[PDB]
Amino acid sequence: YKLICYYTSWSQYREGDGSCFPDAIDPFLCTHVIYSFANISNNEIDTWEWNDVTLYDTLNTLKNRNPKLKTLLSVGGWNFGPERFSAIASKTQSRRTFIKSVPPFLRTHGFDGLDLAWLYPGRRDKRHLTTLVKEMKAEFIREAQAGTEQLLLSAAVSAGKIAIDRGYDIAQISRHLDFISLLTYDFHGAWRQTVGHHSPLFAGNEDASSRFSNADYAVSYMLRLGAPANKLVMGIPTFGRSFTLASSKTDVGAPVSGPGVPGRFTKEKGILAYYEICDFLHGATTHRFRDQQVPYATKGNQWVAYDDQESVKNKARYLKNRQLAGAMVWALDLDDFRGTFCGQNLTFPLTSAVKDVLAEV
Ligand SMILES: CC(=O)N[C@@H]1[C@@H](O)[C@H](O[C@@H]2O[C@H](CO)[C@@H](O[C@@H]3O[C@H](CO)[C@@H](O)[C@H](O)[C@H]3NC(C)=O)[C@H](O)[C@H]2NC(C)=O)[C@@H](CO)O[C@H]1O
Ligand SMILES: *[C@@H]1O[C@H](CO)[C@@H](O[C@@]2(O)O[C@H](CO)[C@@H](O[C@@H]3O[C@H](CO)[C@@H](O)[C@H](O)[C@@H]3O)[C@H](O)[C@H]2NC(C)=O)[C@H](O)[C@H]1NC(C)=O
């Protein structure tokens, strides 16, 4: 089993305890740590934060304590326009430029592979995304001749029935990718004026109409489209999406006025770090959709959908039962990395929970 963990660049700038650096990461927790995100300039992979080279080096020195640990650098991301990706993949000339720029970069900084986070290719991009993946892998193969261990190539893929059908040739890119991370935590939110859970595991006999927005459907669909179980990694959230209620109705379908108030540390409307949720929980009524097997909480006019230890072990048992390759966690810096916010003194409570289940049978 693989436990792929993302670490995000900007989490260094959070104040107080929210501030998180590579060295706060337990070398033995994950099997792969992914640094998000690299920029692209004059069609070449490039850094993003001013101190990326220091943090790269910090993250990669962890391989000194755990030698089996592999690290990767993710490209693209959310504040990286998909049109920007689009324009590079469609012109064989600039694509080849970017591809050739990658290996030396990873080699200089010490990464073991690249992670493609193009979010998201449209109907018009499907053909080129297939190409970028092919040629990139082809290049990683040609470079291993120099005598060094071959670089890995992975991609963070959408888990939405429509997004998959529109922009991904799943049968083609699995042959070429070392593993695929399924973004199974983006099923609600997206600005819809009703309350709902962004990452349920199951359909839930109740509000069905969506019938496609759950990890179970997403996983089953990918297997059917041609992706082999041993390359699929299922995404597990370490954050929750919040909502400001528009009425006193707290149950399913209740109306919503907009995102939830910002977290004291993460400072962004609509999402909350798990360690912030640990604190939000005191004084809140907690609930659990039993059909979907994920919790949610309320306090005043704040409604929060999140993942506790229990729901996360549950998801982990599921991927074990469908024989997937492992779990992907977004993100280490949102978990209780210090272990001083959630009660029971344990650093990385959610990621550890996943790791425990994966370490059993
Ligand atoms: C749950 C989660 O991880 N959400 C991510 C988004 O938050 C993230 O966007 C990033 O937004 C933050 C603020 O929300 C940006 O932080 C700023 O970063 C710059 C340095 O680049 C720093 O000067 C600022 O102090 C800092 N402060 C602010 C305004 O809060 C961050 O730059 C954004 N990401 C990038 C690559 O620049 C998106 C990003 O793609 O990812 C979500 O996962
Ligand atoms: C990530 O890479 C992108 C694209 O390579 C960068 O995009 C900008 O910022 O690039 C230029 C240069 O910063 C911006 O300004 C131009 O800068 C030159 C000289 O440096 C100047 O003479 C030009 O006339 C412009 O004034 C453009 O506005 C941006 N282009 C685009 C499409 O983004 C970006 O800076 C990088 N982002 C980070 C955070 O590294």
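Residues numbered from 1 in each chain as written, not as in the entry; some residues may be left out. Chains lettered and ligands numbered in written order. Heavy atoms only, no water.

As stated in the entry header, the method of structure determination is X-ray crystallography and the reported resolution is 3.00 Å.

The subject of this paragraph is the site of ligand 2. Neighbouring ligand 2 are the residues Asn39, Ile40, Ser41, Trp48 and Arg84. Contacts to ligand 2 include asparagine 39, whose side-chain N or O atom sits 2.3 Å from an oxygen atom. The contact in question runs from an oxygen atom of ligand 2 to an N or O atom on the backbone of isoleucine 40, over 3.1 Å. For ligand 2, whose unbound accessible area comes to 750 Å², protein coverage reaches 22%. Of the residues forming the shell around ligand 2, the biggest block, 3 residues, is contributed by strand β2 (residues 32-41). Of the residues belonging to the shell around ligand 2, the class tally is 2 nonpolar, 2 polar and 1 charged. (Near = heavy atom within 4 Å. Polar contact = N/O pair within 3.5 Å; in protein donor to acceptor, adjacent residues only side chain to side chain. Areas by Shrake-Rupley, 256 points an atom, 1.4 Å probe, with all protein chains shown as cover. Helix = DSSP H or I, 4+ residues; strand = E, 2+ residues; numbered from the N terminus. Nonpolar A, V, L, I, M, F, W, Y, C, P; charged D, E, K, R; others polar.)

What follows concerns the domain arrangement of the chain. Each assigned domain of the chain is listed with its residue range as follows: domain 1 (1-238 + 307-361) and domain 2 (239-306). Each of domain 1 and domain 2 was reduced to a C-alpha centroid, and the two centroids are 25 Å apart. Counting from both sides, the interface comprises 41 residues of domain 1 and, opposite them, 28 residues of domain 2. With both sides pooled, the region where domain 1 packs onto domain 2 buries about 2900 Å², and carbon together with sulfur makes up 62% of that total. (Domains from an automatic or database assignment. Contact = heavy atoms within 4.5 Å. Buried area = accessible area lost by both parts, 1.4 Å probe.)

Let us now look at the UniProt feature "domain: GH18" in the chain. The UniProt record marks residues 1-361 with the feature "domain: GH18", using the residue numbering of this structure. What you have in residues 1-361 is 30% helix and 23% strand, and the ends, taken at the C-alpha atoms, are 10 Å apart. (UniProt positions renumbered as here; feature names shortened; annotations may be inferred.)

What follows deals with the layout of surface pockets. In this approach the atoms are scanned with a rolling probe the size of a water molecule, which exposes any empty space left behind. By volume, the second largest pocket amounts to about 250 Å³. Taken together, 15 residues form the lining of the second largest pocket, with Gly263, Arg264, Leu272, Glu276 and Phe280 sitting closest to its centre. Among the elements of the structure, α8 (274-280) and β14 (302-305) are those that each provide at least two residues to the lining of the second largest pocket. By residue class, the composition of the lining of the second largest pocket is 8 nonpolar, 3 polar and 4 charged. (1 Å grid on protein atoms, 1.4 Å probe; cavity = no way out; pocket = protein on both sides within 12 Å on 5 of 7 lines; lining within 4 Å. Points joined across faces, edges and corners; volume = space filled by probe spheres on them.)

This next bit is on the UniProt feature "disulfide bond" in the chain. With an S-S distance of 2.0 Å, the disulfide that UniProt assigns to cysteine 5 and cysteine 30 is formed in this structure. With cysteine 5 in strand β1 (residues 2-8) and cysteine 30 in the loop between β1 and β2, this residue pair connects regions lying 25 residues apart in the sequence. Each member of the pair, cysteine 5 as well as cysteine 30, is classed as buried. For the UniProt disulfide pairing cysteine 278 with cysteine 342, the two sulfur atoms lie 2.0 Å apart, close enough for the bond to be present in this model. Here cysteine 342 lies in the loop between β15 (326-330) and α10 (349-359) and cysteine 278 lies in helix α8, a separation of 64 residues in the sequence. (Disulfide = S-S within 2.5 Å. Buried < 20%, exposed > 50% of the residue type's maximum accessible area, 1.4 Å probe, protein only.)

Moving on, we get to the state of the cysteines. Simply put, the disulfide is a covalent bond whose two ends are the sulfur atoms of two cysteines. Counted by the stated rule, this structure contains 2 disulfides. Across the disulfide, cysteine 5 is cross-linked to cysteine 30 (sulfur-sulfur distance 2.0 Å). Between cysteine 5 and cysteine 30, the disulfide has an S-S torsion of -90° and is therefore left-handed. Put simply, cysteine 278 and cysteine 342 are joined by a disulfide, and their sulfur atoms are 2.0 Å apart. Because the torsion about its S-S bond is 90°, the bridge between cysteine 278 and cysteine 342 counts as right-handed. Sequence-ordered numbering of the disulfide-bonded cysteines in the chain gives the connectivity 1-2, 3-4. Free of any disulfide, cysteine 20 has its nearest neighbouring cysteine sulfur in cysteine 30, separated by 12 Å.

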